[PDB]
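Novice: turn this into a model:
(7 chains, ligands or ions: 17)
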Amino acid sequence: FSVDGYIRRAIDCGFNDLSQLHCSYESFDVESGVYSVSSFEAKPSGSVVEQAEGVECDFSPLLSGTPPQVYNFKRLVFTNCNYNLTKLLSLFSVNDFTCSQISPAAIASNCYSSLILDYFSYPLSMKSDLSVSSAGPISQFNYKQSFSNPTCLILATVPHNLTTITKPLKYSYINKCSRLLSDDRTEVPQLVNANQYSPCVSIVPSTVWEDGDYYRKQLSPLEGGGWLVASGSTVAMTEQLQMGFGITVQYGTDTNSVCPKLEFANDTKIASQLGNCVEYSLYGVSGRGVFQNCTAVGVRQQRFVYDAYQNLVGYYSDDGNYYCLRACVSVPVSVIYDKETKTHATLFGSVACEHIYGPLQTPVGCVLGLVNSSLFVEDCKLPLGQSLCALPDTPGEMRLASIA
Amino acid sequence: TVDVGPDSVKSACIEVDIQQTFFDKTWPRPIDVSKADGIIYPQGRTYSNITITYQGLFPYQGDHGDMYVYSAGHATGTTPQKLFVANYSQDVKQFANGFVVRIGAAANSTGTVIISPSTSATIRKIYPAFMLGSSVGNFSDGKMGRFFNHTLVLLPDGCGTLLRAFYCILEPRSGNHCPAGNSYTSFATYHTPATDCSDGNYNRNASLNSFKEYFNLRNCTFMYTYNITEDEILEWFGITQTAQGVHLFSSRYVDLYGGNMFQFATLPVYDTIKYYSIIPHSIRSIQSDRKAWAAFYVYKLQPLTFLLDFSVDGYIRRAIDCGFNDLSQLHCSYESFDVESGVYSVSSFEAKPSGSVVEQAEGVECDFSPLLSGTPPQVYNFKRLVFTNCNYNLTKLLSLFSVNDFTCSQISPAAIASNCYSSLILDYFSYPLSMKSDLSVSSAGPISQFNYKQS
Amino acid sequence: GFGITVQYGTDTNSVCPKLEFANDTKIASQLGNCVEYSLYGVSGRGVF
Amino acid sequence: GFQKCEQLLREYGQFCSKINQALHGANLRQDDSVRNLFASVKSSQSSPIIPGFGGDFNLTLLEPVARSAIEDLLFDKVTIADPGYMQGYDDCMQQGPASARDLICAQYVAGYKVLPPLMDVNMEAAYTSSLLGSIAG
Amino acid sequence: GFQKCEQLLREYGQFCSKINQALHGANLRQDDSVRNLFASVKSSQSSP
Amino acid sequence: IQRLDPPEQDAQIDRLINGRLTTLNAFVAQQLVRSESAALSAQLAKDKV
Amino acid sequence: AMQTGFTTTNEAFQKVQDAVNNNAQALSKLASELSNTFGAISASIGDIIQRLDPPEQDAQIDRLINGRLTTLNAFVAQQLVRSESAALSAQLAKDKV
Ligand SMILES: *[C@@H]1O[C@H](CO)[C@@H](O[C@@H]2O[C@H](CO)[C@@H](O[C@@H]3O[C@H](CO[C@H]4O[C@H](CO)[C@@H](O)[C@H](O)[C@@H]4O[C@H]4O[C@H](CO)[C@@H](O)[C@H](O)[C@@H]4O)[C@@H](O)[C@H](O[C@H]4O[C@H](CO)[C@@H](O)[C@H](O)[C@@H]4O[C@H]4O[C@H](CO)[C@@H](O)[C@H](O)[C@@H]4O)[C@@H]3O)[C@H](O)[C@H]2NC(C)=O)[C@H](O)[C@H]1NC(C)=O
Ligand SMILES: *[C@@H]1O[C@H](CO)[C@@H](O[C@@H]2O[C@H](CO)[C@@H](O[C@@H]3O[C@H](CO[C@H]4O[C@H](CO)[C@@H](O)[C@H](O)[C@@H]4O[C@H]4O[C@H](CO)[C@@H](O)[C@H](O)[C@@H]4O)[C@@H](O)[C@H](O[C@H]4O[C@H](CO)[C@@H](O)[C@H](O)[C@@H]4O[C@H]4O[C@H](CO)[C@@H](O)[C@H](O)[C@@H]4O)[C@@H]3O)[C@H](O)[C@H]2NC(C)=O)[C@H](O)[C@H]1NC(C)=O
Ligand SMILES: *[C@@H]1O[C@H](CO)[C@@H](O[C@@H]2O[C@H](CO)[C@@H](O[C@@H]3O[C@H](CO[C@H]4O[C@H](CO)[C@@H](O)[C@H](O)[C@@H]4O)[C@@H](O)[C@H](O[C@H]4O[C@H](CO)[C@@H](O)[C@H](O)[C@@H]4O)[C@@H]3O)[C@H](O)[C@H]2NC(C)=O)[C@H](O)[C@H]1NC(C)=O
Ligand SMILES: *[C@@H]1O[C@H](CO)[C@@H](O[C@@H]2O[C@H](CO)[C@@H](O[C@@H]3O[C@H](CO[C@H]4O[C@H](CO)[C@@H](O)[C@H](O)[C@@H]4O)[C@@H](O)[C@H](O[C@H]4O[C@H](CO)[C@@H](O)[C@H](O)[C@@H]4O)[C@@H]3O)[C@H](O)[C@H]2NC(C)=O)[C@H](O)[C@H]1NC(C)=O
Ligand SMILES: CC(=O)N[C@@H]1[C@@H](O[C@@H]2O[C@@H](C)[C@@H](O)[C@@H](O)[C@@H]2O)[C@H](O[C@@H]2O[C@H](CO)[C@H](O)[C@H](O[C@]3(C(=O)O)C[C@H](O)[C@@H](NC(C)=O)[C@H]([C@H](O)[C@H](O)CO)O3)[C@H]2O)[C@@H](CO)O[C@H]1O
Ligand SMILES: *[C@@H]1O[C@H](CO)[C@@H](O[C@@H]2O[C@H](CO)[C@@H](O[C@@H]3O[C@H](CO)[C@@H](O)[C@H](O[C@H]4O[C@H](CO)[C@@H](O)[C@H](O)[C@@H]4O)[C@@H]3O)[C@H](O)[C@H]2NC(C)=O)[C@H](O)[C@H]1NC(C)=O
Ligand SMILES: Nc1nc(=O)c2nc(CNc3ccc(C(=O)N[C@@H](CCC(=O)O)C(=O)O)cc3)cnc2[nH]1
Ligand SMILES: *[C@@H]1O[C@H](CO)[C@@H](O[C@@H]2O[C@H](CO)[C@@H](O)[C@H](O)[C@H]2NC(C)=O)[C@H](O)[C@H]1NC(C)=O
Ligand SMILES: *[C@@H]1O[C@H](CO)[C@@H](O[C@@H]2O[C@H](CO)[C@@H](O)[C@H](O)[C@H]2NC(C)=O)[C@H](O)[C@H]1NC(C)=O
Ligand SMILES: *[C@@H]1O[C@H](CO)[C@@H](O[C@@H]2O[C@H](CO)[C@@H](O)[C@H](O)[C@H]2NC(C)=O)[C@H](O)[C@H]1NC(C)=O
Ligand SMILES: *[C@@H]1O[C@H](CO)[C@@H](O[C@@H]2O[C@H](CO)[C@@H](O)[C@H](O)[C@H]2NC(C)=O)[C@H](O)[C@H]1NC(C)=O
Ligand SMILES: *[C@@H]1O[C@H](CO)[C@@H](O)[C@H](O)[C@H]1NC(C)=O
Ligand SMILES: *[C@@H]1O[C@H](CO)[C@@H](O)[C@H](O)[C@H]1NC(C)=O
Ligand SMILES: *[C@@H]1O[C@H](CO)[C@@H](O)[C@H](O)[C@H]1NC(C)=O
Ligand SMILES: *[C@@H]1O[C@H](CO)[C@@H](O)[C@H](O)[C@H]1NC(C)=O
Ligand SMILES: *[C@@H]1O[C@H](CO)[C@@H](O)[C@H](O)[C@H]1NC(C)=O
Ligand SMILES: *[C@@H]1O[C@H](CO)[C@@H](O)[C@H](O)[C@H]1NC(C)=O
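Specialist: Numbers count the residues shown, from 1 in each chain, chains lettered A, B, ... in the order given. Ligands and ions are numbered 1, 2, ... in the order given. Please find the structure below.
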């Protein structure tokens, strides 16, 4: 920016390595020297994908008979299957579908180790009682979602023509659940744990007969003694049954085999892209790398082989082969710059020139912009390493000189 | 529900002789972590040729566990009689995080026939039977070991060729020597080798059928079987429970000779298992053909950090229990089985509580009466009750109203009703429910801007 | 509507749920021991 | 390489410029340290080392074999990972990591680079060899 | 001693191993410094 | 732990962790600086003796 | 007698190995810290982006940034300490020659 504010000169900081240098010092004039700059990135040349492909995950149970009350929720656990939430959601009039610790787009598109679906009858009038922040009876004694795993909650109404789902007489819930200790002075509220059933489930009937019913069980000494007690409550039934569906997903306890179905191209196979840098998604595991055919190590049944820094370093494919996985590797870059001549050369340290006058292979890497001179110096200003030096022609190209 | 075959039609159970003295043996086989005993392999992955620490459910180094041994029943020559068992059905344990079992460790050694201490025989592997569930209590005569509601039963059958897992309600039968009947002692399972273990056709329901003599199986939700190839190889079995169900682990399908356990099944058991017991088993052998059966050992699991040595082939052959002792802590901190000589500081030996002391204000109830008398104020004229030096009970107040929406901020729900405070301030007012959202922190409407705002 | 605001340390935290006390939770009876404590809402571990 | 991250990284100021400049200076410091150190070991005048140097005093241990015998032994007995100054990039692809926690191959993965020293081995050997020959005189 | 904290601490890597090793080395350094210093103050021969 | 549930409890514990990890890193950095200084000083003491 | 010297009892020899080990430790900080999550749901930025929307995605990426910026600052601080020490040591070597 000039004094009058106009821009008269600029550097595109991603144009080349010399430009990166000027930008890092925020100046158009930097001192002579050899500087490290951002590496020349390897970029993906394609992608490989492997997903479980097969059986649909089965939501049929859900659709047949009278759903349980909130404290007796039923659980469907899906593993090793293709999921489709639209397939289930489309059967209900959804009133409220929200997600936590997972985006909306993600719930319907990511692969999981497992998907757990908890379904139950639930009045919509008590919607708020399922909130994480709630201190009412549902969240304290009946049903609580995980705080650790990503979850979604769907509240939906059963359509008049979905005749396979029947209604209970009333909606019901536990409004009290507690233990009376052996002294019969102290009463301890028994709160429901996330993803678990309340201890009072065994004393509370599948349908509370009437609001205010009190239940009691004498506990054995192995259960700590005393009494387990509970109180039920009811909500009048609606014209259409309202149901809640909790969804909990886990991301890495097993192969993430619960995936949306995918139509596979045969150009996304690993064997067809060996040696290339590709993006990968293997049963929910993703990143970038290079696959190589190699000797199997690790336990085959476990599929993914990890190193001591927890990187994925190998994989057993469903095509029967074991592949080594290497990172797409970046190519080191150092800029050799001479301020007086306004010239430069690029050193790719540690890199053979097969990956890059043409390029010159030197003891410290591959260098472009230098010409081999078979000349010696003592007075080296731009040392390259080992006993090599860049020597400006003064302008011409820099010479590669040896230090005497 | 699942059809699990017909009910037993017998009017009586076989009499069970419980003589614990005969089973009070000392044959210790504690977990040797350095030999990787009891280890469940990290589940979602493998490693090769590395040493790393890992957090997971493991048995403790040095844990002796609980030894259980099955025996031959009583006989007279060629006619087997009464069953002979240990007091196992009444010995109910807390499940906690699950357990691992050492099975057949003594196989091929010369052992004892438990029922006849002077009789020796080659020891053969036998599989443990388990009963697991959410609630326990007693039977009709007061003996313990009854499980209520759905109970998970892991019952090996077919003379050791299958594992049968089922989740069902066990209804005690009322016949002679049965749990709801007359001279009941303990239920037990059995098989009769003479008719059940023919060289060709093994009776795959022999143990199920004996189980059924003591209990009627009702509302079974599942019954699964797993096949076991016969051998005399030491193997490990394990059980854990998560939101996904009960996980059954075994070394025999992946690392048969090595011993690492891998998951082979998940059962749709979602209620929490709190209790378990060993179902005693007695073999109705003839007197002339009694065998010594290997003891099995049950070890409890807990969330421990182990140093795990993964071989090139990925199996864990060696490990360190990083909390066992100070030397073990050292190896774990360097993530190595070999550390240099020296003097190192390690975690301190913690003092642990030996009890607790509590002092609370005890006295007057905090008084919510004002709240209940007369016309409540409008939202801009809210009234405030400040409670100090009193015993509070929110249920006492909440129970008087039909609560439509109760939420908390910067305090948990459990905490609002259970913690001590310097003060509790209660602001009450008339308020239409139709304007519920106007009380939200994020609201820019008239209530939050001009009438009432929370801290 | 009922708003509830709670404060945790301007005074002794004397607004507590009622508790039935055992006499083995007294301080005098456990001197010299490491115990957990909860004294008018103040808690931690220590030796009295 | 993730653009969202880079976008957030920018709000921390010129963080990476500081990292690079601090290390650049730190690295120049060794080239200057080495240059100064060797300038001082350097002899003005020296006698040639010939086999037999030392007379009755057995100095074969120190004579160049070129590094001396003790010097090669010193290096052979110290476990040093090979940084691959000429073609390490490729060694780590065609062979892969030598072992668990291979910090040389980690360079191309993690985003760091080990730079070569100011002088090659034969030059350093030349300095100490000329030094040996200067001692008596 | 709180398990929840320890569980979260683990997500920061082997933090404590680094603290312990850094101090262990720093402490060895003084024992070596002292040993070397006194080895040099030490006399070969001395009068009473 | 006594006051908050996991989604918020976590954030609060994490603040304490970050502060304590920072403190320990600062401590260690200084013990390394101080031990390096003392070691140089020890060599000065050696020369003076 | 010194031909047999480069062993476990040779203090000068261990100092040579330790200088080598110190270089390795410096690099291990960078190699080992990228696997940490620093409270994040994943050490992978790609996992964060794939699972979360911007208002939360941001917070998770930011945890990884803070942890990595911290790691690099620690690394640099040590390279400056180690290079200062080596430079002083180099002057000692100069004096000894
Ligand atoms: C996850 O789960 C969800 C839910 O299960 C899946 O989403 C469904 O996907 C299917 C496709 O696989 C999709 O079917 C499509 O429906 C449209 C809508 O047509 C309806 O209305 C017209 C009005 O004119 C009617 O004529 C027609 O018959 C349909 O009527 C329906 O409703 C009436 C009652 O009102 C009933 O009486 C009817 O029986 C019927 O139920 C169709 O137009 C569309 O047809 C095209 O594709 C089919 C493929 O078989 C092809 O045969 C047709 O000729 C036509 O294809 C031509 O046109 C397309 C462009 O549209 C072009 O690309 C082709 O090349 C041809 O030129 C088809 O039948 C259904 O609606 C989706 N449902 C929901 C809720 O989203 C989702 O796919 C799953 N995900 C995964 C990964 O599996
Ligand atoms: C915080 O504030 C809350 C709210 O104030 C406190 O919670 C209350 O705690 C009391 C106990 O202190 C609890 O009372 C218990 O109620 C049950 C329910 O019985 C009702 O239904 C049965 C149906 O068969 C009726 O028969 C019975 O009369 C009750 O009917 C009520 O409603 C009808 C209208 O529908 C009215 O006409 C009635 O008058 C009545 O209001 C009782 O079963 C229970 O009884 C047991 O305890 C009493 C103690 O005095 C004892 O005398 C009884 O014999 C019986 O004890 C035996 O059984 C227990 C096991 O249950 C065993 O442990 C004993 O050893 C004996 O073998 C008692 O009356 C009330 O319901 C709670 N309310 C709420 C809303 O939670 C809370 O305690 C406070 N916290 C603190 C720390 O103080
Ligand atoms: C988890 O497991 C537990 C333990 O098994 C179950 O609790 C048992 O529940 C059953 C019933 O659900 C109890 O059995 C009997 O229930 C009768 C209910 O009476 C009504 O229904 C009967 C049906 O025929 C009608 O005839 C009657 O008119 C009523 O309409 C009680 O009346 C019975 O009482 C008898 O025993 C008592 C004992 O004191 C005597 O005082 C009575 O006079 C009479 O003889 C009996 O209670 C059974 O007792 C409960 N067991 C225990 C240990 O408490 C849980 O239900 C199960 N949970 C779930 C969710 O499935
Ligand atoms: C009671 O007695 C029985 C036998 O009477 C013992 O069973 C033997 O146990 C040993 C050790 O577990 C088994 O030996 C292992 O055999 C494996 C495969 O053997 C099969 O395949 C090889 C060819 O690959 C054949 O030559 C062999 O005959 C079998 O057909 C080997 O792979 C194992 O080697 C693996 O582990 C060893 C270390 O143990 C490593 O050194 C190897 O490199 C390799 O990793 C091993 O050799 C033996 O086969 C079992 N017998 C039977 C019949 O199966 C019971 O263990 C014993 N019970 C008790 C409690 O002691
Ligand atoms: C006259 C007759 O047929 N008697 C039978 C017993 O044999 C005779 O008496 C005994 C003392 C021996 O001297 C025999 O040589 C003699 O003929 C027969 O005895 C059983 O013999 C076995 C050894 O073969 C041993 O002595 C049996 O005693 C025990 C045992 O096996 O150690 C004692 C145990 O405490 C008991 N266990 C329990 C839990 O009670 C067992 C058990 O009752 C049997 O193993 C059941 O099969 O017996 C000794 O009884 C006897 C049973 O075979 O029957 C007599 O009719
Ligand atoms: C030994 O144990 C096994 C357990 O592993 C047990 O297996 C059960 O056998 C029964 C049959 O004896 C199976 O029940 C059948 O399953 C088929 C499945 O298609 C049904 O079609 C059959 O229905 C017909 O018969 C019914 C009999 O009442 C009629 O009511 C019905 O209307 C039909 O006519 C029937 O349900 C059962 O599923 C398996 N169980 C398992 C878990 O595999 C076996 O019976 C035991 N054997 C003995 C001798 O006890
Ligand atoms: N029916 C039957 N089943 C068996 O399992 C059985 N086992 C034995 C032998 N059991 C054992 C078990 C361990 C040791 C043993 O050598 N233990 C060591 C101590 C191990 C330790 O505590 O670390 C010892 O020296 O006693 C001996 C015999 C004998 N008869 C049997 N009979
Ligand atoms: C498993 O890891 C060990 C390291 O613990 C490897 O052994 C090293 O192999 C290299 C090969 O050049 C030698 O230079 C090292 O000196 C060996 N170290 C030890 C401690 O022996 C072993 O080869 C690895 N096995 C496989 C199949 O990769
Ligand atoms: C079942 O038998 C076992 C084993 O004999 C009993 O456990 C023993 O109980 C005594 C009681 O003083 C203890 O001293 C022993 O140390 C216990 N043994 C072991 C191995 O722990 C058990 O209590 C009996 N259970 C029932 C219900 O009768
Ligand atoms: C176990 O299954 C039975 C049948 O599927 C359930 O239904 C009861 O069956 C008995 C059979 O004699 C009938 O007398 C009852 O009237 C039936 N009750 C109902 C409500 O239909 C039984 O409820 C199931 N038990 C459990 C605990 O699920
Ligand atoms: C577990 O083992 C049983 C018994 O070997 C298998 O059942 C046999 O399957 C064959 C298949 O041709 C039949 O011919 C036999 O008649 C079956 N036997 C019986 C007793 O039914 C069973 O399939 C095996 N299970 C698995 C999962 O492999
Ligand atoms: C149910 O199906 C009948 C069939 O004619 C249709 O007329 C009716 O509108 C459908 N109802 C709903 C709610 O879709
Ligand atoms: C690869 O995909 C093409 C797409 O049409 C198909 O024609 C070809 O047969 C496929 N090859 C194999 C091996 O399936
Ligand atoms: C991988 O290598 C093995 C042997 O080294 C070979 O037989 C197999 O076919 C190769 N697989 C591929 C995909 O080239
Ligand atoms: C430069 O050319 C000379 C030819 O005499 C050759 O010996 C030397 O190795 C070359 N240098 C490089 C870096 O190629
Ligand atoms: C447990 O025992 C008591 C007396 O011993 C008896 O009254 C009670 O009914 C028993 N419980 C069961 C479930 O039979
Ligand atoms: C301590 O508690 C017991 C419990 O029954 C009681 O009997 C005893 O009198 C109490 N002691 C005092 C000093 O109150």
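
Novice: stretch B:308-318 near chain E anywhere?
Specialist: No. Stretch B:308-318 stays clear of chain E (CB under 8 Å from any CB of the partner chain), getting no nearer than 14.7 Å. For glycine as for every other residue, the C-beta is placed from the backbone atoms N, C-alpha and C.

Novice: what distance separates the start and the end of that stretch?
Specialist: Taking CA to CA, to the nearest Å, stretch B:308-318 runs 6 Å from one end to the other.

Novice: pull the distance from that stretch to the chain's centre.
Specialist: 28 Å (CA atoms, centre = their mean, to the nearest Å).

Novice: likewise for stretch A:315-322?
Specialist: Computed by CA atoms, centre = their mean, the chain-centroid distance of stretch A:315-322 equals 23 Å.

Novice: one more: stretch A:44-51?
Specialist: For stretch A:44-51, the distance to the chain centre is 17 Å (CA atoms, centre = their mean).

Novice: just stretch D:6-24 next, same as before
Specialist: In terms of CA atoms, centre = their mean, the centre of stretch D:6-24 is found 28 Å from the chain centre.

Novice: try stretch B:13-20
Specialist: The gap between where stretch B:13-20 is centred and where its chain is centred comes out at 26 Å by CA atoms, centre = their mean.

Novice: same check on stretch B:331-338?
Specialist: 32 Å.

Novice: next one: it, is it in contact with chain F?
Specialist: No. Applying CB under 8 Å from any CB, one finds that stretch B:331-338 is not in contact with chain F, the shortest distance being 14.8 Å.

Novice: quick one: terminal-to-terminal distance for that stretch?
Specialist: Counting by CA to CA, you get 7 Å between the two ends of stretch B:331-338.

Novice: okay, buried residues for it please.
Specialist: Across stretch B:331-338, burial judged by 16 or more other CB atoms under 10 Å in any protein chain shown covers B:331, B:332, B:333, B:334, B:335.

Novice: for residue B:305, see how far away the second one is.
Specialist: Spatial separation of residue B:332 from residue B:305 under the definition CB to CB, to the nearest Å is 7 Å.

Novice: in the stretch 351-455 of chain B, which spans are helices?
Specialist: Applying DSSP state H, counting those that start in this stretch to the stretch 351-455 of chain B gives helices spanning B:394-398, B:413-416, B:446.

Novice: re the thing from before, need the overlap of contacts for residue B:332 and residue B:305.
Specialist: B:53, B:322 (CB atoms under 8 Å, 6 or more residues apart in numbering or on different chains).

Novice: any idea how far stretch A:151-171 is from the chain center?
Specialist: The mean C-alpha position of stretch A:151-171 is separated from the chain mean by 32 Å, CA atoms, centre = their mean.

Novice: what's the answer for stretch A:53-73, then?
Specialist: When distances are taken as CA atoms, centre = their mean, stretch A:53-73 is centred 27 Å away from the chain's centroid.

Novice: number of residues surrounding the residue nearest to residue B:77 when sequence neighbours are not counted?
Specialist: Sequence neighbours aside, residue B:287 is the residue nearest to residue B:77 in space, at 5.5 Å (criterion: CB to CB, 6 or more residues apart in numbering or on different chains). The number of residues packed near residue B:287 is 19, by other CB atoms under 10 Å in any protein chain shown.

Novice: how about stretch B:116-123, does it reach ligand 4?
Specialist: No. Stretch B:116-123 lies apart from ligand 4 when judged by CB under 6 Å from any ligand atom; the minimum separation is 8.3 Å.

Novice: let me know the helix or strand that the closest residue to ligand 2 within chain D is in.
Specialist: The minimum distance from chain D to ligand 2, using CB to the nearest ligand atom, falls at residue D:8 (49.5 Å). Secondary structure from DSSP states H and E places residue D:8 in helix D:3-9.

Novice: same question, residue B:145
Specialist: strand B:144-147.

Novice: list the buried ones in that strand?
Specialist: Buried, per 16+ other CB under 10 Å, within strand B:144-147: B:144, B:145, B:146, B:147.

Novice: do stretch A:288-300 as well
Specialist: For stretch A:288-300, a neighbour-count test (16+ other CB under 10 Å) marks A:288, A:289, A:290, A:291, A:292, A:296, A:297, A:298, A:299 as buried.

Novice: same check on stretch F:36-49?
Specialist: Residues F:36, F:39, F:42 are the ones in stretch F:36-49 that count as buried (16+ other CB under 10 Å).

Novice: again, but for stretch D:113-124
Specialist: So for stretch D:113-124, counting by 16+ other CB under 10 Å, buried means D:113, D:114, D:115, D:116, D:117, D:118, D:119, D:120, D:123, D:124.

Novice: wait, the second one touches residue D:105, no?
Specialist: No. Contact between residue D:114 and residue D:105 fails when scored by CB atoms under 8 Å: they sit 11.1 Å apart.

Novice: going by contacts, tell me the helices and strands next to the strand holding residue B:145.
Specialist: strand B:130-133, strand B:136-138, strand B:275-278 (3 or more CB pairs under 8 Å, 6 or more residues apart in numbering or on different chains; DSSP states H and E).

Novice: on that earlier part again, the helix holding residue D:8 near chain A anywhere?
Specialist: No. Helix D:3-9 stays clear of chain A (CB under 8 Å from any CB), getting no nearer than 11.2 Å.

Novice: any chance you could list what contacts that helix?
Specialist: By CB under 8 Å, 6+ apart, helix D:3-9 touches D:15, D:16, G:45, G:49, G:57, G:58, G:61, G:62, G:64, G:65.

Novice: distance check, the residue of chain D found nearest ligand 4 against ligand 9.
Specialist: Closest residue of chain D to ligand 4, CB to the nearest ligand atom: residue D:100 (20.7 Å). Noted for residue D:100: a distance of 43 Å to ligand 9, by CB to the nearest ligand atom, to the nearest Å.
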